[PDB]
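In: Got a sequence here, can you build the structure:
(chains A, B, C, D, E, F, G, H, I, J and K, ligands or ions: 1)
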Amino acid sequence: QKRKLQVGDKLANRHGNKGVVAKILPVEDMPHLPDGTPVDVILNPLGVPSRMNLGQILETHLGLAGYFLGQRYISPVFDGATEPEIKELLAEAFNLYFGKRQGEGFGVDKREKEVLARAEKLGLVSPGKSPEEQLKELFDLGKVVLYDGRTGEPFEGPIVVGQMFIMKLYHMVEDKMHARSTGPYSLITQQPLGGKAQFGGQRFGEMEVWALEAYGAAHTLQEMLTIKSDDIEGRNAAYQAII
Amino acid sequence: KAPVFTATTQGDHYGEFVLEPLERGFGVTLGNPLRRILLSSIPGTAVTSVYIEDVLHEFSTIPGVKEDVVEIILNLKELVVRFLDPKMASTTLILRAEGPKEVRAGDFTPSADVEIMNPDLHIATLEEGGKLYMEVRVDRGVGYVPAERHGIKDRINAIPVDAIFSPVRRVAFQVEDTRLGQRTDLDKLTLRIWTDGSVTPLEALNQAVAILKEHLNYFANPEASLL
Amino acid sequence: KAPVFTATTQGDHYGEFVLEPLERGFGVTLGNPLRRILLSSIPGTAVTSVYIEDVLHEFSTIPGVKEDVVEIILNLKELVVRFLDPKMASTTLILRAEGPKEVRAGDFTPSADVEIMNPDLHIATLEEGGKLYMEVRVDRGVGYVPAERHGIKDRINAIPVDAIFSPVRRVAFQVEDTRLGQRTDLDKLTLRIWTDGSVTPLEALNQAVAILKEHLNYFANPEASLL
Amino acid sequence: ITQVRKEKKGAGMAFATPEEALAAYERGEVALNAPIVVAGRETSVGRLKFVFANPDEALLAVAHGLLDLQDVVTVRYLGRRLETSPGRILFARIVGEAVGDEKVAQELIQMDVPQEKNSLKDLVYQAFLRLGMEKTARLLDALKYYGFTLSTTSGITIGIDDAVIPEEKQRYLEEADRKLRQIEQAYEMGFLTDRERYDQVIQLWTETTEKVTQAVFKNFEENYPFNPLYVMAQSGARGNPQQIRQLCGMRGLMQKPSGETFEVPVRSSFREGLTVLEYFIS
Amino acid sequence: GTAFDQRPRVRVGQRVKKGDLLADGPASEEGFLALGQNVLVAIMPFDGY
Amino acid sequence: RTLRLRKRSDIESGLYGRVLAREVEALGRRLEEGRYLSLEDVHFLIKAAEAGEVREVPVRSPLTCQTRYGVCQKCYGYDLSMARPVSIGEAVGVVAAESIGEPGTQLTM
Amino acid sequence: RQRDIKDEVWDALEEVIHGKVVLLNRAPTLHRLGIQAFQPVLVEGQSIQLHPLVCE
Amino acid sequence: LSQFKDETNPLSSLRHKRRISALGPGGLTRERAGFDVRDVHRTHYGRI
Amino acid sequence: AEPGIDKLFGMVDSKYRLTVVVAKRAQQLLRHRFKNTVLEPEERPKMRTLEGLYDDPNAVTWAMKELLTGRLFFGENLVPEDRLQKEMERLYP
Amino acid sequence: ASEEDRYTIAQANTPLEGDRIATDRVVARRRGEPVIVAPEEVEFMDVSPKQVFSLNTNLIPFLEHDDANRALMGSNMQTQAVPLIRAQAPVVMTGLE
RNA sequence: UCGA
Ligand SMILES: [Zn+2]
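Out: Numbers count the residues shown, from 1 in each chain, chains lettered A, B, ... in the order given. Below you will find the coordinate block:
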């Protein structure tokens, strides 16, 4: 089978950041950049400070320069690139990018100004400098100007983007998914057989039982212990009642 | 006043559109919505299905071919084929390539109402003695329909492939401060259209504005109510 | 397919409009243009400046009157009027108040073609022997123009006021995925609209979409310049 | 959205009349939110400039591109003179329109301080008790929706330069660097034995960890209060003081597998990076 | 279940030094280990998704 | 050696949802015996304690409860999910056991 | 046999669904909140959607 | 110690072969596993 | 949530009593197939479907909306369980 | 292990000046006990820091900026990796690939 | 022996 990436499939980077696929969004609406090139993923920053993995931040930072400069990078463990060097790479990359911009018969977007204003007020970029130097000082920081594809008005603040190496993990929904109504039962006791293989139903744990007792749902727990599990005529007469 | 509208054309691929002046911030209000409809509903082709006499599936290897089946199919949907006939919903392309030659888009069998904008697109390399017979089937449609979603049933070994219609490669719109206008703080809208050449940037913007106006005219008389 | 349009309103102020169903990605495409236009467009009311007797500074208090000058200005901002003819885009209103009184927008002296649609609005409270005379200036603009962006003094010492032009106060749209049969991919686009009462949400919205297609028709006559 | 911006640009400029400040904002001599004093009253450029008679006017003026949600202005909200930010009014409005009556809403919400983890929790409880279950449910989902979309529009990102190191890092580290040579001198002078020298060094690296942590928090509050890391920590989104400390200041002295604390501290942060030693020992 | 695939990187003819790569491997691009793909990430909360 | 006020979280955890065992008099207000203490009530007892009027709060407890094989409303008090006096038939032993069981995953520091 | 799943059955399913809710459980079950009743909503994908608030 | 090879990718097997386990016959069990075996000794370094 | 749940919780001492009520009443509504209902035409809970808008087949919801009016009656040992089913299955098929 | 425990091993990140030691403060240890050691007393140095980590762990760029937990998780996850048809080599890699 |  050819399995194409689905909704709810495991994904990760080398830096230990996991997650599944939540609602693949249409290419139409994407937080793109001035060139009109949409972003492929859009991860959530929240997981970053807790995990304390800044390797993904630096991978993104290097990738941001790599997308433009068109060259990969080699950074060995505990030997390699530093902030000044990376910032230099981003400086060169920006110097070429903005060059293609002004060279294609364009200039600073009004939305870019809209972001640069508040970026200047919060002290992210040095005031008094032209929007060239401001968007430059913003660029090497890893942050750039992003336009929301849904609306078309930019985001009120800059957003770090770039090339991150991301891995598609083993676990997939096509496999891990399962469910059952009626089917196989153990020979010893009339309980079903847990797992996708035997095509059985889930097991209700002792603590799940405890939870049900805590809610005080009598017939729910009663059904769990009898009607849908090991009861001889329970599941039968039930099935007939529903039918 | 009356906004000046200009169009800077390059080939069937690149295009530029400058509409100025406009109200403050009003450039986005127009420019982005068109971008969405442009990047979504523009009709296109990117083939449909393929067949080879030596091939039972997207895997099985063809003698004298470096690229496997789905490896070629990777480059099959990347082929732009323009239909000159507005009434043509279907076609079939034929390819015969033998010996030590590198095939391509321009190596197919030319037919009426069809042309390829990138003959330099590399299909598969063929070594000495390697012989290949290929036939495809191309249909026109809208958006992106996965191979799994569409059936073919051309014959016993028919292989459906993904379809990216969307003749526009990318759209980038940007607003600036236009010198035109009685007042300041106005916007010059520059919309940049990048397409494959199945449809020119101008035509793309045309049918885009058409879909836009159409869907805009769905606003006719609603059924009222007052809680 | 064929999107159904529905409208549920109340009064001349509140209205709600739903396009059910719609193609995926389109609801958001429609939402912003209508929103951005409705707030930045649709000409109307908004008195520009105000003159007051025995009051020069916008700060110094007015004796005999309960509320100070500021509060009065603010109550004047909430006032809404309407012109019966396109010929008059600007006019002036008069108010002369004496003795203990409750001064409303009804107490406001009328004008030739000007019809005040805000019958009861508390403006100023007059104490014993309260002496007040004021002249307000009403112009027809669009969107929102601050007191800073336009200075106006007709009388010796006048007070330029924030002009709240667009009768539309607050919009807001939303879009959700409705279910139809097999396909759940649809777009339900709901838009809520508040107005000052001069124009019903129907009129404001229809005018906005008119402005929309009007702006879209501006792609007609390209001028070819090749890079 | 509820966070109130304050710039030190203007820095308490006292004038005679509103006109001086009026022109001062234009000349760029005073910030929009700068805490100045006009006439005799303490105010700001924003608190004067933008004056609204109702929420709708405020939201219109802001969303039309003439203001920011975090700027301090004057507004008439429910028969009040309240001087606050459009984001605050927006909050109260969301809660009120979610519950259906904004009287009890604006009654039970704090209109002063920025809304966060704690405050929001208190709001949810107070809602569930004063209002009732269904109302609190729809309220919760409203907070979810609006809050989510606000987080979206904010475009809050994490770069390396959002991790910015306190300038007093180098200082406080080199001072302790001399202190080590001090304690060691004591050890060699016979004043300190092995164990007491050890203890002295331990409390030294501990107090240095304190110096740099305090340095981190102070560097955030004084300089970059709008920093995403600091905001995530304060608001209660994600992170704790120690995590940020290890991501900004020093990661702190480690612990030997024997169960006893180590000798040499790890020094450099995660945004700095650790040598082979510091990582292994960690 | 993961497929093992070796993609020939060599042209119909050319010189090859000893140790030089000819085919490929499932995780191999040109002789460099490739697990996933390099994509464009944007760090930012998106609609609570 | 300075007797200090237990932080309001502790006093909440102690007095919230509790029922008065006997009448209480503080600050001119009076708490009737059998009154279920809400957050407001607990905070008031905190105010009165800061005023130094009440150093102890009499409360009906599961310990003191004479309900055979279980507890009773007036001894238990509020059902913590619904913020009202506990429903009869509610098994509070299981709920409690789970409530203690949940934090069991984090204790190190 | 033959999963056609005609639209008729997609709608009929909802005809027996709406108004009834199914329990969702997350192991480990420690708090009783580890099991909560949720209204089934027929949706594409093989993944299960859960509300972000109760995820805590 | 002898079980299914990891073919999930070349590096999967490549690492799988280089792993060191204190479990299995002749080794220890989870019941007896203490912080001594779980800890990284000072002499681990470039060995493990 | 279920509309009127606060009121319903307020209608009885123990929430479990409410649950029992709703359960038994929904059961009764299933037995006679909604023909025993205390609800009028506008009161009938209706589910909207593409085919047509009909009365919501879910009995539980029907019981909820039913007791919401309070037109029903409940209590311990209210009437003999004997005649309870004799004149119940009688009145309705 | 014992052999190593005898001598004093410097670090691969030490100030190599072109085959000689540069600064008079050299990072070195004994038995696993980090100490600042003069260019005299140093009898040994490790080849590359890479030796301190396994394959998958060594395949993580900027490893010094990631916590031990998440690094562990990532390196452990590289085993869970599955082949992709179009799969591409990482832009920033340790070069051990 | 992995997933959470
Ligand atoms: Zn008792």
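
In: Number of residues surrounding whatever residue of chain J ends up closest to chain B?
Out: Here the residue of chain J nearest chain B is residue J:85; by Cβ to the nearest Cβ that distance is 6.6 Å. Backbone N, C-alpha and C define where each C-beta goes, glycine included. Residues near residue J:85, counting by other Cβ atoms under 10 Å in any protein chain shown, number 15.

In: same question, the one 3 residues further on
Out: Applying the criterion other Cβ under 10 Å, we find 15 residues in the vicinity of residue J:88.

In: which SSE is it in?
Out: Using DSSP states H and E, residue J:88 is not contained in any helix or strand.

In: for it, what are its contacts?
Out: When contacts are counted by Cβ atoms under 8 Å, 6 or more residues apart in numbering or on different chains, residue J:88 touches E:29, E:34, E:36-38.

In: Excluding sequence neighbours, find me the nearest residue to it.
Out: Excluding its sequence neighbours, the residue lying closest to residue J:88 (Cβ to Cβ, 6 or more residues apart in numbering or on different chains) is residue E:37, at 4.5 Å.

In: And for residue D:249?
Out: Leaving aside its chain neighbours, residue D:249 sits nearest to residue D:212 (3.6 Å; criterion: Cβ to Cβ, 6+ apart).

In: Wait, a helix at the one you found?
Out: Yes: with DSSP: H, G, I helix; E, B strand; the rest coil as the criterion, residue D:212 is part of a helix.

In: Next up, the contacts around it.
Out: By Cβ under 8 Å, 6+ apart, the contact list for residue D:212 reads D:166, D:168-169, D:172-173, D:245, D:249-250.

In: In a markdown table: those, plus secondary structure and neighbour count.
Out: Formatted as a markdown table, these follow (DSSP: H, G, I helix; E, B strand; the rest coil; neighbours: other Cβ atoms under 10 Å in any protein chain shown):
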| residue | secondary structure | neighbour count |
| --- | --- | --- |
| D:166 | coil | 22 |
| D:168 | helix | 17 |
| D:169 | helix | 21 |
| D:172 | helix | 20 |
| D:173 | helix | 17 |
| D:245 | helix | 21 |
| D:249 | coil | 28 |
| D:250 | coil | 25 |
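
In: now, which of these sits nearest chain F?
Out: Using Cβ to the nearest Cβ, residue D:245 comes nearest to chain F of the contacts of residue D:212, at 15.4 Å.

In: Just confirm residue J:89 contacts residue E:35, I think it does.
Out: No: contact criterion Cβ atoms under 8 Å: residue J:89 and residue E:35 do not qualify, at 9.1 Å.

In: Look at the two and report which has more neighbours.
Out: Higher neighbour count among residue J:89 and residue E:35: residue E:35, with 30 against 19, using other Cβ under 10 Å.

In: Correct me if wrong: that one contacts residue J:80.
Out: No: applying Cβ under 8 Å, one finds residue E:35 not in contact with residue J:80, separated by 9.5 Å.

In: ok, the closest residue to chain B within chain I - how many residues close by?
Out: Chain B sits closest to residue I:42 of chain I, with a gap of 15.0 Å, by Cβ to the nearest Cβ. Residue I:42 has 6 neighbouring residues, counting by other Cβ under 10 Å.

In: Could I get the full set of helices for chain G?
Out: G:7-17 (DSSP state H).

In: Could I get the full set of strands for it?
Out: For chain G, the strands defined by DSSP state E cover G:22-25, G:35-38.

In: Determine which stretch of these is the most buried.
Out: The highest average neighbour count among the strands of chain G, using mean count of other Cβ atoms under 10 Å in any protein chain shown, belongs to strand G:35-38 at a mean of 16.

In: what packs against that one?
Out: Contact partners of strand G:35-38 among helices and strands, from 3 or more Cβ pairs under 8 Å, 6 or more residues apart in numbering or on different chains; DSSP states H and E: helix A:206-215, strand G:22-25.

In: Neighbours of the closest residue to chain J within chain D, how many?
Out: At 3.8 Å from chain J, residue D:273 is the closest residue in chain D, using Cβ to the nearest Cβ. Number of residues near residue D:273 (other Cβ under 10 Å) recorded here: 21.

In: if I look at the nearest residue to it once chain neighbours are set aside, how far off is residue D:278?
Out: Leaving aside its chain neighbours, residue D:273 sits nearest to residue J:64 (3.8 Å; criterion: Cβ to Cβ, 6+ apart). For residue J:64, the distance to residue D:278 equals 9 Å [Cβ to Cβ, to the nearest Å].

In: Which of these two has more residues huddled nearby?
Out: More crowded of residue J:64 and residue D:278, by other Cβ under 10 Å: residue J:64, with 24 against 19.

In: quick one, what contacts the more buried one?
Out: By Cβ under 8 Å, 6+ apart, the contact set of residue J:64 is A:77-78, D:273-275, D:279.

In: ok, now which ones touch the residue of chain H most remote from its centre?
Out: No residue in chain H sits farther from the centre than residue H:9, which is 19.3 Å out by Cα atoms, centre = their mean. Going by Cβ under 8 Å, 6+ apart, residue H:9 touches E:2, E:26-27, E:35, J:79, J:81-83.

In: Filter those residues down to just the ones in strands.
Out: Among the contacts of residue H:9, no member falls in strands (DSSP E).

In: Now that we have those residues, which of them are buried?
Out: Among the contacts of residue H:9, the ones that count as buried by 16 or more other Cβ atoms under 10 Å in any protein chain shown are E:26-27, E:35, J:79, J:81-83.

In: How about the residue in chain E that chain F sits nearest to, nearest residue that isn't a chain neighbour?
Out: The minimum distance from chain E to chain F, using Cβ to the nearest Cβ, falls at residue E:48 (25.6 Å). Leaving aside its sequence neighbours, residue E:48 sits nearest to residue D:148 (Cβ to Cβ, 6+ apart; 3.2 Å).

In: give the contact list for residue B:100.
Out: Contacts of residue B:100 (Cβ under 8 Å, 6+ apart): B:126-130, E:12.

In: Nearest to the spatial middle of chain J, which residue is it?
Out: residue J:49 (2.0 Å).

In: which residues sit in contact with that one?
Out: Here residue J:49 is in contact with A:77-79, D:276, J:11-13 (Cβ under 8 Å, 6+ apart).

In: which of the residues you listed tops the neighbour count?
Out: Of those, with other Cβ under 10 Å as the count, residue A:77 tops at 25 neighbours.

In: quick one: contacts for the residue nearest to it when sequence neighbours are not counted?
Out: Once flanking residues are discounted, residue A:77 sits nearest to residue J:63: 4.6 Å by Cβ to Cβ, 6+ apart. By Cβ under 8 Å, 6+ apart, residue J:63 lies in contact with A:55, A:77-78, D:279, J:53, J:57, J:71.

In: Surely residue B:57 is in contact with residue B:68?
Out: No: the pair residue B:57 / residue B:68 is not scored as a contact, 10.3 Å apart, by Cβ under 8 Å.

In: and those two? which has more neighbours close in?
Out: residue B:68 (20 against 9).

In: tell me the contacts of the more buried one?
Out: Applying Cβ under 8 Å, 6+ apart, the residues contacting residue B:68 are B:59, B:61, E:5, E:7.

In: and what of residue B:197?
Out: Contacts of residue B:197 (Cβ under 8 Å, 6+ apart): B:11-13, B:80, B:82, B:117-118, B:167.

In: Repeat that for residue I:58.
Out: Taking Cβ under 8 Å, 6+ apart, we find residue I:58 in contact with G:18-20, I:47.

In: Check residue A:62 too.
Out: A:73, A:75, A:81, A:86, A:89, A:162-163, J:91-92.

In: In CSV, list the residues you listed along with secondary structure and distance to chain D.
Out: Converted to CSV, those look like this (DSSP: H, G, I helix; E, B strand; the rest coil; distance: Cβ to the nearest Cβ, whole Å):
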residue, secondary structure, distance to chain D
A:73, strand, 15
A:75, coil, 11
A:81, coil, 11
A:86, helix, 8
A:89, helix, 13
A:162, strand, 10
A:163, strand, 15
J:91, coil, 17
J:92, strand, 14
